[PDB]
Structure formats: structure tokens, C-alpha cells
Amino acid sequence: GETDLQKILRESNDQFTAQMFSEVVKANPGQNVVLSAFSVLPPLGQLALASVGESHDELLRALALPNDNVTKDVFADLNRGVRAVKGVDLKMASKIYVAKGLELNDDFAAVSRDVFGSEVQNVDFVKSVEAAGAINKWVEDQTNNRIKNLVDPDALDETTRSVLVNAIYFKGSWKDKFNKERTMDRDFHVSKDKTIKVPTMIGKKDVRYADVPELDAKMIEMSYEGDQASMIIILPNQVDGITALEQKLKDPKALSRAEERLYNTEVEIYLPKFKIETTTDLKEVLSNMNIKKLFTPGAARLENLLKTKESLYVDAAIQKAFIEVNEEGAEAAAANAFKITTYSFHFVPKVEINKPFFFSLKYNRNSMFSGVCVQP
């Protein structure tokens, strides 16, 4: 049933996300990074349906899925509920481009678009620069021109067989906006000896908070308009605790454990605005996550992708992610002027996100994307 399908998906995204997170963070020490394992699952599921033998089991194994039947049902169900998402602008695009002279299997192309919502199309790689321009134009179109230059013409060859591109963009609208006039330059500790002044938004907000000794950090959860999506922030107690937290976040359950500690309250939040853009070489990351055959000539066995079942493998896989976080939100400052209530003063703790922190977008109990911000 749908309950079980949603569960399988949740579990799969959980372990895949943890795995992908460590890989990316490991290859980008001391740098801002944002990634999404969720946006990658569909194309990988579509690829598992097109493979046979070893490569196919590998993909399924890494996806933590039993078979093709269940794989189709999971993503179908997803695409039976995938429109916009309230309070946030979340765009995720996936597409597989294959050489011009390779006959596409008409059926697999149909299932591709409706089941996995990820398309397949021919492009002439022989004209590399033109092909890159073509691939980059489609992405610009899928992201309101928010994302550009996903694939560099150089990275393409005249002999390229196929390329998988993945793009994800995000900007959200806070359930309760921050007042732009209140934003000011405040200290941010990049390292135990380096401090910079970055624009920091200030506001009193109802959040979900929790002290987490296990992760030696503080967890905060802020919600966006509509109350369907939320931004999770984990702030290590120490200035250099960010790496220690990353190691802990490997276990796909550390996050679940921390969330069990969450409780509702009010705090004065000091949160830096930030925009992170990351280009991830999925070929490098996935290979380190034990998905290699798919990228090995004469080993991929994508015998269901082409009509002639000609041998084909993936030459390059690229994910480009751009995240934007600012004051935008509902209910302007002067909404209800004078709220006449008790003359008293409750204590409102001050939560200052002024050290390298981890963040993650949560939608329908699934992490849409995650990352670390070490330099706003």
C-alpha cells in the first residue's frame, strides 16, 4: 500500500542521503556545500530499470530497493503527488542525454517521463559546445534561469555516449518573515582564530528546539509558509565541532534520534543569510558509493535503453545545486499593530547561529537536500 511505499522511500533516501553527504563533504573540506540525494534517486531508479545483470543489482542495492516492480511503484507514487510544494520554490530537474545516432527504445522513454518524471533524449555530442549549450539551456529553462552553466563544453567529448544531468534550486518563504531593516552585520566564527562580519537576520520566532548531547550541538527547526516544509539547523557547541558532527551524521539515524528531542518554544534567532551553489561530480561520488558498473564501458548493460540493445554506459553525471536563504516570509511587520496583551515579559533565549553549521530541508518527512555552511 501507499503507507509501505512511502516508508521504503523514506528509508532509502535516509541512508542514501547520509552516504552521499559524507562523500561530498569529504571531497570539499572547509567549503560551503549543498547536495541532494533525493533528486538523484529517480534517475537512478530509471537507470536500474534499463540495466541487467550485475550493474542492475548494484544500483538496486545502493538504492536499498528489492526489485524493479517495487522501484517503479515507489517513484510512480511520488510522481502521482509531485506539483509545487507550499511556501517554497523547490525545483528539481533530471534528464538523460544520449548520442544522436543511438535509437532510443520508445517504450522506456514513455515510462521514463511518467513513472520517474525524468526524460531521455538524443543530442549530437559530436558538436560538443553546441550540445553543452543545449543541455545548459534546458536546465536554465527548468530553473527560471536561476541555474546556468551546469555542463562545461570541455567536459564533453565528440565520443560521449550519454550524460546524466541533475539540477536542484531552492528559495523558501518563512511562515513568519524576518524584518529586513533588522538585518545587520554580526560576528561569525569561521575558525577558532578567524572571525568575520556577515549580514545576520534577527527575529523572535516559534521554533522546534533541542539540545543534543549525542551530537554536541543545538538543533533548531523553522517552518515555511503552509507548514509542510521546514529548515533544520544543527549548530555544534564548539567552533570546530562541525567536522565532528559530520562524522556523526554518517549514521542515517543520528538525525532521527535528535529529532525525538525536539520541543516547541520561542527564541530570538540570529541567522546569517546565505546562498550556496555546488557542482557535484556524481560520477565520482556514486562510484565511491559502490555504483561503478553504470560508468564502465562493457559493464553498464543498459540493454533496455536502446532499441537495438547496443552497449552503452554513462560518460558523465553532474548535479548542480543552488540554495538561497533570506528574509522573505509571510506577514509583514506591521500586520496587527498594538497586540494588547499582559504588561509582562517572558524570557526569550537568544540563539545565535554564528559558527559553521549544518542545514537540511525537510518535506513530507524527507530531506530534500542538506549541506554545511562554514562561510556565509
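For every residue, the number given is its place in the sequence shown, counted from 1.
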Q. Looking at the deposited entry, does 20-28 or 351-359 carry the larger mean Cα B-factor?
A. 20-28
**Q.** Stretch with the greater mean C-alpha B-factor as recorded in the entry, comparing 313-321 against 54-62
**A.** 54-62
Q: Compare the CA B factors listed in the entry for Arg301, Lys218, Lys273, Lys194 and report the winner.
A: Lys194
**Q.** Highest recorded Cα temperature factor - choice among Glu181, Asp281, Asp185, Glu277
**A.** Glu181
Q) Going by the entry, which third of its chain does the Cα temperature factor of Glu140 land in? A) middle
Q) With respect to C-alpha B-factor, does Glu268 fall in the lowest, middle or highest third of the chain as deposited? A) lowest
Q.
Based on the deposited C-alpha B factors for this chain, I'd like to know if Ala254 is in the lowest, middle or highest third.
A. highest
**Q.** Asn166, C-alpha B-factor rank within chain (lowest, middle or highest third)
**A.** lowest
Q | Chain third (lowest, middle, highest) by recorded CA B-factor, residue given as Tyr224 | A | lowest
